[PDB]
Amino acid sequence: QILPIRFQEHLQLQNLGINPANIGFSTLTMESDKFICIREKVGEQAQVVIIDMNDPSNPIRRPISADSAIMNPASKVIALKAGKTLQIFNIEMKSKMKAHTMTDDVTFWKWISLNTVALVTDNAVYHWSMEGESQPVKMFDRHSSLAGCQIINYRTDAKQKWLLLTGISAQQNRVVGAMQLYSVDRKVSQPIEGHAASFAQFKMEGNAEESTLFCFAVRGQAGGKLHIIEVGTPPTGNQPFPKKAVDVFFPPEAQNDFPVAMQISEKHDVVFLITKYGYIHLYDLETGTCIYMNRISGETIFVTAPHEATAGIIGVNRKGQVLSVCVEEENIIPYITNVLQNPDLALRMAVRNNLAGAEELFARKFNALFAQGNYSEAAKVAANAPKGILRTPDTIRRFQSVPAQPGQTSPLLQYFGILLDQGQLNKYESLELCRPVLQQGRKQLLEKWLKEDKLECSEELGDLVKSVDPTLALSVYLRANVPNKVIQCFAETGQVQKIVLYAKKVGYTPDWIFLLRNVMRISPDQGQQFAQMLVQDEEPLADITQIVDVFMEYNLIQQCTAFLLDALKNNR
């Protein structure tokens, strides 16, 4: 049966000559889905193996002596530790970029981003830039709550205004998580009991700006819990985000399991959670609703990283398996709908992220609200269909089937009213909208609609409005791109100059002579002026011989004469 995830084994490190003993937190590092760096010791000689994930078949064994080696999340740049001596080294250029010797030993280090490596000593946290000649900069002092802890991770939000250090320690046959949440702006720290955490940018329903969320999981004093909270003051004109606290499930057999890693997918707005035993967890970032749970590994997955391409999580376990889990975009909505049986979440998910497979639900929600008498909300459902699913003529036909009530009218009127607020109305919607408006002496509303440019025009609307006010029809015809019907309007109303200017701009060529004859018929004086415009240099709109015999037909000999003499003076 279907599952909302896509689990994959990318490679087995044992198949690349990697020693099983070196497959561990202390000797193996993964800072991104791009490289895996292992520290091994061959025959009394210490070396560093870097595995390019684009070309994993052929690993490079370079002879490097370091107590720690971490690659750049993208660049072929490595950072190596030797005692208290740090060094950012260019792999491709075999040249040293930067260097620093620390007073107190660096107990943990990670790449915060491309060009930034964070350093953790027993007393403080530093940020060391790969660029320039800048020394490591102190960010904050380590909290007493984290004293004696084994530092397992360090994270920051996008804007890097919030920093987070995580450490764990063994207290009474339980691994206890200690975190320090430091705010750069407020310059203060908050100690938090948490095992795994992550930051996320999330824009709420009806919110102007993106909210910065802090999400952490723990198996602590109140058992397994997942918290989703907004950090700091919300931007001007925002809601804020209501704090979430949900349970994290640990089966009875897994009594010494706890959260080990967490990655949040901004794309689908879901939280990935990996526990010590190898269980994966899937949560909705918005509500903290659990979606999928499963054991994917028999061995602990000690290192994790975001799987950038698929917007998922990629880790490595003690067995040497390089595992990858991500959202299966084709199956997530059906699964939430039918296997999880959580329609409300499926609906929210399909509209939030533009995912597909929700159609039956939108129809159900519509038919239910239609039967409910609530036509106002029923319209909103049709309006916020993921890919214009309920924005069809059948919908309008349904709304047309309901009457005008005593003054509460009309559900079709209501449907259109909210619809234009979302975007531009389609050709058919515009047609059905104006029909009852034009029907009883009301045309001014069109002026606002057309000036605001909220509806899409084709020809069928123009001849419909032309039926009462042909001057307004010209505006419709103009936007509809139909030149034939635009020139026709200028011709009925005698505006000859605009006929020529328009046809020259849009490149449309009409039957100039036939237009001349029409002009000549109604009023010859205008005829002669029009004849003048038809012949001007390089590109003449009409044949000169053809226009003069038109003059002759009406026996306009004197004006024909005048026309030609004028034509000579304009050529001079």
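Quick note: we count residues from 1 along the sequence shown, nothing fancier.
When the C-alpha B-factors of 500-508 and 513-521 are averaged, 500-508 comes out higher. Averaged over their C-alpha atoms, the temperature factors of 489-497 and 463-471 are higher for 463-471. Annotation for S169, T107, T275, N238: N238 ranks highest, by Cα B-factor.
For the set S144, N294, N384, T156, the PDB entry puts the maximum C-alpha B factor at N384. Residue-level temperature factors show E40 in the middle third of its chain, judged at the C-alpha atom. The entry lists a Cα temperature factor for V482 that places it in the highest third of the chain's modelled residues.
Split the chain's modelled residues into thirds by C-alpha temperature factor. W111 is in the lowest one. Among the modelled residues of its chain, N58 has a C-alpha B-factor that falls in the highest third according to the deposited record.
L412 sits in the highest third of its chain by CA B factor, as recorded in the PDB entry.
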